[PDB]
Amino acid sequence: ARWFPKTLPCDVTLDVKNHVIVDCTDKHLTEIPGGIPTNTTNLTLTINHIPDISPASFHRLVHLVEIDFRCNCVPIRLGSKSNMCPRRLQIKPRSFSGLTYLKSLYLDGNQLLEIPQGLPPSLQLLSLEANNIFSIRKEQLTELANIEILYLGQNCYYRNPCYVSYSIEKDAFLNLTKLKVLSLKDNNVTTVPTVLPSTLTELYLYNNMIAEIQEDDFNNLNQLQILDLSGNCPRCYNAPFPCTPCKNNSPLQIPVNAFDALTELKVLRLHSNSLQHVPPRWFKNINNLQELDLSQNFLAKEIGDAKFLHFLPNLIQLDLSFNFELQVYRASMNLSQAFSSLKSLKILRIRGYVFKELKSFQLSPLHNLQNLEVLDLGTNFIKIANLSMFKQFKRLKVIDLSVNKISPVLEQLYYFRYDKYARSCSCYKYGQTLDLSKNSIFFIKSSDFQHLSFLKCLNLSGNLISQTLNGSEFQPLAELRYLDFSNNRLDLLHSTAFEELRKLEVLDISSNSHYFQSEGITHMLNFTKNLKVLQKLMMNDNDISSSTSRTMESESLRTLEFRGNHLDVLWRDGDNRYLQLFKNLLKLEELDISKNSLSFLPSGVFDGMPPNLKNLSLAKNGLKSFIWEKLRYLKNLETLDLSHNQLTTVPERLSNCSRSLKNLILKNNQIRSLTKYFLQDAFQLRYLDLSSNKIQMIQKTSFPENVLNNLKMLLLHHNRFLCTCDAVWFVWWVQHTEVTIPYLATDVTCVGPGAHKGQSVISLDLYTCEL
């Protein structure tokens, strides 16, 4: 099909407008490759080991609007220790001055000592994060007259130390009259640099050594929308990065008038500034403020008073998390009445207040916040809460009591990571959610959920629930669509478990292995019959090796996850009793029986499958053999996942095994060669992964072109390809096909013979085979 093989080790993409995008991310390059198109608008060379840039680098590439050249020499402590960068990136004079249309230049993570000079006046975005530039001088910024976005952070901090204070000359940035975004985070800065251009919308000064704000510091910044001063005078208790507090337990000192000019301010972040008081006067001339982060201060007392809230009627989010007093376990949470001023508030987070008992009235300041959607009281060591108090919170989307000690999306390292916005080189959608995960609930009964019939998802994941559910425990939860009961100890003595949840669409009972791990106890896996609208059942990692019921039954269920169990034991060769375990799941479309130690599949398994099975996984089973002909029984099979097993062969004729099969995943097996007519007449096939096997040769008979050319994708990487004259067809076909084959640059490689060892097949000249 293709007249000229793409030999360039980079992905190439058009988009008309008006971009030619060349992506060489992580291609182990030591040089900018030759042959990059002349029309290239966006060139990405991130994560390679290109030791320099010169006028030759970009000579022909005059239409470049963006160079992303990040992490070609990452600082020692941030980067790989197996392949350390020997010496800082070298940038020779006039390497960029030619690039008349260059709007964006990323040079992060290259150990640069200075702001590269000779940059073109078209430049809008310059990024220099994670270099060794720790002294900014007005003279070096004159080239940046038209610059709008300037990232200078992470040049002086514990992962990349400069061993001195950061220095910024007086008025360094003032004459940058178009600068909108300035980031000087993670830099050992000691004072807000001044005067700043008034054109700024976003100023990031967090994680620095600024002990005081002068009353003038933000005087002219009347366009500023985001200000972040977090992590100056940090709260260091249980900090999981090195942490130096301001001396004398001092807070970051901010004059009461410091923010007066900031009338456009939308976001103010004062996380981890050791604040003991939040003076109302701060917010006098800011009315448009939407997001305020006061997490990680010492505001426990202030939470009970908080007069400043009366000045914040447009505030959408408020974070007061991790303000607890050291060594104190409060009896209760004292929320000021001032919380009732927050007419616009959608999200309130008060993790880590740390208190024993939550009572209904303590939340009364929140009762009339009409727009409140999220109340997050996680990680509080709450021991006692009458859950019925949430009858007054039907309007909320999420009530998060996660990680508490109750008994009758944000990343998991969010509040405690160093820089949550550092650049590297779920049942909420069902409706109202009560997250009780990771608590101490050992016993449940109906009245625990009294007045909570509005709930659509309940998360009980990671409690201690160890009882014989009989259908009486959740009786009030008449609307519940999702129940996450994972990480408990479900005891399925009774097949009536869960049947009171009459609207239940999704049930997770994964990781309830405790009672399935024990011998000669009853287990009623036919409990599914009673749940008439159940769509998805997850029963992963339960170690299930025995069952009292021979069959699971459902008229509704579409997806069953049954991974990490012992069907190998249930289907012990010679025992027929459980071969139809899934057969009466009549609408079942997706079955995951990966990680079940199925070395082999007894005969009967495929006949036993329910008639509409579409997506079957047998991954990670140690399968050593597989009667491919038995796929004939699975008349609606579309996706078959046999990844990570020990198969040594493919079928003689795939078309003779299944007429429906579209996606066949055979990665990570022991396949040494393909059968002579493997894919012959397999017209349905659209996706074939044969990566990470031990294949030497592929001949045309096995891979007919009328089948290959309808493939959306064909994965061949990490095999043992022998590039002799017998491979002439494969090598040609690979070089000239339209079919998408990932990693042709990286990992489609001859292992021999000698001459061609280690070489990419895409680059292979086999002219000697046609003399």
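All residue numbers are counted from 1 along the displayed sequence. Whichever C-alpha set is largest while still superposing within 1.5 Å between the two forms counts as the rigid core.
With each structure aligned by its rigid core, the stretch whose Cα atoms sit farther from this model in 5 other deposited structures of this protein, between 77 to 85 and 311 to 319, is 77 to 85. Going from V16 to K17, the model skips 1 to 3 deposited residues, which lack coordinates. Where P408 is followed by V409 in the displayed chain, the model omits 10 or more of the deposited residues that sit between the two.
Checked against the record, the higher mean CA B factor of 180 to 188 and 93 to 101 lies with 93 to 101. Here 561 to 569 and 446 to 454 are compared by their mean Cα B-factor, and 446 to 454 comes out higher.
You'll see in the entry that, of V354, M524, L664, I286, the Cα B factor peaks at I286. Between the residues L348, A619, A172, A331, the entry's highest C-alpha temperature factor is the one at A172. When the modelled residues of the chain are ordered by their C-alpha B factor, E519 lands in the highest third. Among the modelled residues of its chain, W733 has a C-alpha B-factor that falls in the lowest third, as given in the PDB entry. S702: CA B factor lies in the middle third for its chain, per the PDB record. Ranked by C-alpha B-factor against the other modelled residues of its chain, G304 falls in the middle third.
Per-chain ranking of the deposited C-alpha B factor places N719 in the lowest third.
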